[PDB]
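Working notes, beginning with the structure itself.
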Amino acid sequence: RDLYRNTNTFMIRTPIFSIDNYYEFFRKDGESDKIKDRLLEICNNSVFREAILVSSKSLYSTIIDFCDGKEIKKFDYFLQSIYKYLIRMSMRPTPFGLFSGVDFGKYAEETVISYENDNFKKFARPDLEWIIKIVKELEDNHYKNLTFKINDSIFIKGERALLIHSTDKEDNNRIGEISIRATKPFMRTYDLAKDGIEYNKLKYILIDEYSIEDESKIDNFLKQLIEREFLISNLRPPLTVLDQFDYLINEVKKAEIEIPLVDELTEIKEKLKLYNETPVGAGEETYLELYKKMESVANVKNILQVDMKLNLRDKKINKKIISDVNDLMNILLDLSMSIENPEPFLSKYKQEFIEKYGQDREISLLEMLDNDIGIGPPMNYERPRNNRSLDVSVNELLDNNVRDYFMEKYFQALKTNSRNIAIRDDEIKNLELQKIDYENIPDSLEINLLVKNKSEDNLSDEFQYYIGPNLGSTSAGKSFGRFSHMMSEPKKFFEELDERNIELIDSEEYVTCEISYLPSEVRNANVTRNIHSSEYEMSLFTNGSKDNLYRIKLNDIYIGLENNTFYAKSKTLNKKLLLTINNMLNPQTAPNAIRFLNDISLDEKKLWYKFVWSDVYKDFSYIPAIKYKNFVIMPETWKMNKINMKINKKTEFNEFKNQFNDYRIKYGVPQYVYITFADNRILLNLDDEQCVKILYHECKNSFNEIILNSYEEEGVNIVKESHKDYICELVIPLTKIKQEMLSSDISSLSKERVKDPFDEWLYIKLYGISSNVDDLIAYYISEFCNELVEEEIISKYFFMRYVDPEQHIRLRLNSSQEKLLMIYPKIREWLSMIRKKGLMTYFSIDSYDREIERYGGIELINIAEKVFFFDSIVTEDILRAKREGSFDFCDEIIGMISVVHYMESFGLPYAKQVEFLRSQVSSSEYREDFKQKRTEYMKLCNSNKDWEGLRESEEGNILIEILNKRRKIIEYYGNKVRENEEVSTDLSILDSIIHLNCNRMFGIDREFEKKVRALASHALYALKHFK
Amino acid sequence: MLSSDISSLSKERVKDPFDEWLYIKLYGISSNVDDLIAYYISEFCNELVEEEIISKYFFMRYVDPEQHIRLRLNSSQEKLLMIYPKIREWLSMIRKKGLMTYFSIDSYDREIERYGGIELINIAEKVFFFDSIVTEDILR
Amino acid sequence: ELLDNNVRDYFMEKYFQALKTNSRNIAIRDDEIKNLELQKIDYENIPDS
Amino acid sequence: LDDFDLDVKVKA
């Protein structure tokens, strides 16, 4: 069955030259060989000259000098650069500058793609660095005329206010945190400028409210706030508008500042429009005039950004291509189930979150990621690193059968001298892998494909697909975002994507939100300009396109765990957020907050281009192509190391050449390969190409990503201009087909939650008790603590067993601070006496962190702490009686009786008990044979009358009399729990108290508790006859 | 020095909480150290020393997974129990400003053999006191 | 156990070239081990017997 | 310190 459906359109990419210009230049279509001539015959090409001008001006000047016949200094670096750019313009589809272009097609019944006469329109727009330089200058000089607003990434921690990063730089290093003292005037400003305020309106209000008496004090205060970007002006353009330059012009006109600049900007706008009308190759003179004019306003390294559009005549493809992608995705998602732990760092972070905050709380995003007041970021995050000494070892737990399956394939391929590895559906089905759930399939994806017609002998749509080097993306619309200004109507595309995303999720609880942020290196933001159709927006360090009604803030997001998967929520909206980022920004370079928000949008979803074999074959220096029907998922790859290529940094050419031919003959490297960073396609039977390769190899440590890939050397291309072939790449966006108490307001350091030592609670941890726990609890703790309770020095106590690396006992005493400090001298004597007998080693006094939300809130936990007290008394009595020999029941029988007694007294009716115990899966089959003692269990676990089946003997009578001390308090607690209306699913509390009781009686043992629950469920199920 | 006869649980080696030593660990102080030490710990502890409630103190920085400050105060058990209520107020005031999160009271395990035996450890613990004072002054 | 990467590459290349030529053995040599540039062993780490 | 003093602290 098909999992994915196509959208309304796709993208086409094609370089500016045909592949004929590549073979003609490397003396393939002509046998003549010569360094110059061809170099002069290309450097005088108009299209080549302009394409170089738009990208590298220095090389353009050097080309002009060379054409003038002047003395070129190097002439080696010159030749290498010219060769690399010519190869890129002929053979690399990826769009950049005037080297390559983009267009948008449609699906149909037949494939026809053709070129029009008027190709290659230009789309020139000012760079972001230029605009930001102008904006900063304006707001530095004319701040008095501007309107300012508060930054959305601000975080107030105690008496300091912080930002996640800074757009500026410290000397020559980035700024990872700026903190200022959050004084009273700062808070007043933080309230006034919440949604925008004029400079004078704020300044005079502050002067009125403080009287300062020195105006230069307020001016410096506000200027210091503005310089550090705590206040954002209205001149700064959004990244999610369709035109940043027009927005800036309108804003400066509104402010009425720097009149000379306003007319100059309009002149630049007018000139910039003319350049967009010239054909490619004819705009050299206009570009220079425009560049000279623009550089006079603000001189920066990057001034103009240029893109071009193919403008094809026909752009249809056969809709059969969507079936093949579905087959590929079926097999790729089937294999994904062989890896058990695909995200180890996030899986560890979930455990840290659960250990710290439990599962019934929602924690602020910025507090959670803080090193001091949180748990820090995951252990692989590079922006502020976790300063804790945790273990970073990780293991993805690949299945052994699949690992063996992929090694036989490699061995067979080597033995038979085959160049490819073919995987098949029937072979994968024999591995008996687990099935994937509809909840783990990603909602949308994109895939990059190079399509080549299999053969011209039949004139038929037999297509051969090669997955592109980048493999696509994890969401539909990420690749299309950058080109929003070139689409005919971009809104309809993103509106459809948003509608489909909403269709796939439960409504009335979710909203869509777009994350936009302006990095420190504003050069990286040129790819972040894009449109979106999400309902809300969060813009950091820039203005937003939305009204203040649809504005989100970083200090408003709250994180939680539901079904063991993270989610984000907005406190003000009370809606969960469905976060989107419609651009190819690399998360790993972003701050921790942005990177974390990106991660949890893919939480528990399989990543389709994380291949299983990548870990099996990582140690090999040769890997054959991996194929599936008519897909080449991976190309054939060779890589060089110090063993097979002994190259020194001082190695001379003509010795590398002779050493490299041995490599070619030994490993069978074909004639055409890709050098897979930036130099790409290379013809190895050409001296200049090997010169390129030695220059690249020597610099790149001789191992640093020197990976050769085979060329797509079968089939023919599908895009033709008259009779010239063009290399074409498709980007196919797909969407999934649809198949049918946390509101607590207690802060983390509230006096209700954390109790300091002797703050009404004395919390003691006893170490070194492993071998004598039962005797200690039964005889020593019991007597001393009960004597304290009777004397009225403490009101109650309870204990439990835990493990922080080492095993210990946690004992908590409740009384006033004065009494707790009064009896401590006697507690020391007691513990010294206990130690002298070898029953313990040492102890500590710790802070008590109460689990308010886990036990029903602030009003009900005070009763859970009495339930714990009576349960501790009962545990002591049972252990003492068991050691004295009063009864001889096994551990399992005691556990079962205790669980049944808890459920019966809490008020859970029999109709629910078997469902309740089965809810943890334990009751399925696991201990059906172990219940071979059916009769004894059925007699003991029946609670009819007054446990009549248990009171038949003195042992059972004693056991049931010990337990009844615990009944009235549990009944009271259950009544109060079910009386509350804010508390839902009281079955969560019952499970917690049962877990605690089992821990007290038997310690840390998961398997034993599972067994006890399973046996209890089976025993209760068999008694269905007696109700 | 390996011939030491002091047992592992000897009263000379392991000191229980308030057993002539009050040993406190402060958590959540990563970002504001050199201000906590320079201004807050210094003024409170030196004031205690001048009033003769404690005879000496010293501190160090460590990491048990999480980073913290270890602060050790020396006095008799009676004075340590009498002055503790004021220490809680001090630490609450420090927390309210966001300088720390929470603390614990632990057992002091002395390194007798590392600093020359049972007669010289008592002088190493004064070397530590004066070095802590000098560190505070330099940071300030 | 932190095995060196050069030695891992050395043995993987040996195995590959053994499979390709259909040979039944892998031969290690003193001069080949010399070029790996390994650390020298101390007299205090050599087993006594 | 006065209310208008912002003790700027920067990490780099």
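Rule-based calculations on the coordinates, nothing more; no lab input. Cβ coordinates were reconstructed from backbone atoms using ideal geometry, including for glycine residues, and neighbour counts include every protein chain displayed.
Of note:
- For chain C, the equivalent ellipsoid built from the Cα gyration tensor has semi-axes of 27, 13, 11 Å, listed from largest to smallest.
- Close amide H pairs (under 5 Å, H built 1.01 Å from N) link residue A:680 with A:675, residues at least 5 positions away or on another chain.
- Taking other Cβ atoms within 10 Å as a rough exposure proxy, A:506, A:443 sort from fewest to most as A:506, A:443.
- Cut-off under 5 Å, modelled amide H: who pairs with residue B:58 long-range: B:72
- Footprinting exposure proxy ranking of D:5, A:360, fewest other C-beta atoms within 10 angstrom first, gives D:5, A:360.
- A:67, A:43, A:941 arranged by Cβ crowding within 10 Å, fewest neighbours leading: A:67, A:43, A:941
- Checking every one of the trypsin sites (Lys or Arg not before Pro) in region A:135-215 against DSSP loop status and a limit of 12 other Cβ atoms within 10 Å picks out A:169, A:194.
- Cα convex hull of chain A, projected area averaged across orientations, nm²: 54.3
- Counting only other chain Cβ atoms within 10 Å of each residue's Cβ, the peptide A:758-764 averages 1.
- Cα coordinate range in region A:877-949, projected on the principal axes (Å, largest first): 37, 29, 21
- Long-range HN-HN contacts of residue A:234 with modeled amide H, under 5 Å: A:147
- Region A:201-277: C-alpha gyration tensor shape, a/c 1.5 cut-off, then a/b vs b/c: prolate
- Region A:4-149 gives an Rg/Rh value of 1.12, both radii derived from C-alpha positions and Rh following Kirkwood.
- Put the Cα centre of region A:863-937 next to the Cα centre of region A:611-658 and the gap is 62 Å.
- Projecting the Cα positions of A:567, B:3, A:554 onto the charge dipole of the protein assembly as shown (unit charges on Cβ atoms of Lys, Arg, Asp and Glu, taken about the Cα centre) puts A:567 furthest along the positive direction.
- Pairwise FRET efficiency - residue A:676 versus residue D:1, Cβ, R0 = 56 Å, nearest 0.05: 0.45
- Centre-to-centre separation between the Cα atoms of region A:516-562 and those of region A:389-439: 40 Å.
- Each residue of region A:586-602 is assigned a 3J(HN,Hα), and the resulting list reads 7, x, 4, 8, 8, x, 5, 5, 5, 5, 5, 4, 5, 5, 6, 6, 10 Hz, derived from the Karplus form 6.51 cos²θ - 1.76 cosθ + 1.60 (θ = phi - 60°), x at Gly and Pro.
- Between region A:24-75 and region A:956-1027, the alpha-carbon center distance in angstrom: 85
- Chain A, helix-only ellipticity at 222 nm - DSSP H runs n ≥ 4, -39,500 (n - 2.57), divided by all residues, nearest 500: -11500 deg cm²/dmol
- Sites matching GluC sites (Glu not before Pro) across region A:34-89 that sit in DSSP coil, with at most 13 neighbouring C-beta atoms within 10 Å: A:71
- The loop-placed GluC sites (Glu not before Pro) in region A:440-475, going by DSSP, that have at most 14 neighbouring Cβ atoms within 10 Å of their Cβ come out as A:456, A:462.
- Cα pair distances of region A:113-250 binned at 5 Å [whole percent]: 2, 8, 16, 18, 18, 13, 9, 5, 3, 3, 2, 2, 1, 1, 0
- Listed peptides A:900-907, A:398-405 by packing density, highest first (mean Cβ within 10 Å): A:900-907, A:398-405
- Inter-chain shielding of A:748-757 (mean C-beta neighbours from other protein chains, 10 Å cut-off): 3
- A simple charge model with +1 on the Cβ of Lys and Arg, -1 on the Cβ of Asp and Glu and nothing else charged puts the dipole of region A:229-372 at about 680 debye relative to its Cα centre.
- Above 15 Å, the calculated P(r) of region B:21-69 contains 50 percent of its Cα-Cα pairs.
- Across peptide A:454-461, the average count of Cβ atoms from other chains found within 10 Å of a residue's Cβ is 0.
- Between residue A:382 and residue A:652, the FRET efficiency from the beta-carbon distance, with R0 = 41 Å, is close to 0.55.
- As a length-normalised measure over Cα pairs under 8 Å and 6 or more apart, the relative contact order of region A:164-218 settles at 19 percent.
- Each residue of region B:35-48 is assigned a 3J(HN,Hα), and the resulting list reads 10, 3, 5, 5, 10, 9, 4, 4, 5, 5, 6, 5, 4, 4 Hz, derived from the Karplus form 6.51 cos²θ - 1.76 cosθ + 1.60 (θ = phi - 60°), x at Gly and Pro.
- Cα centre as origin, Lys/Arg/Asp/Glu Cβ charges: region A:827-958 dipole, Debye: 320
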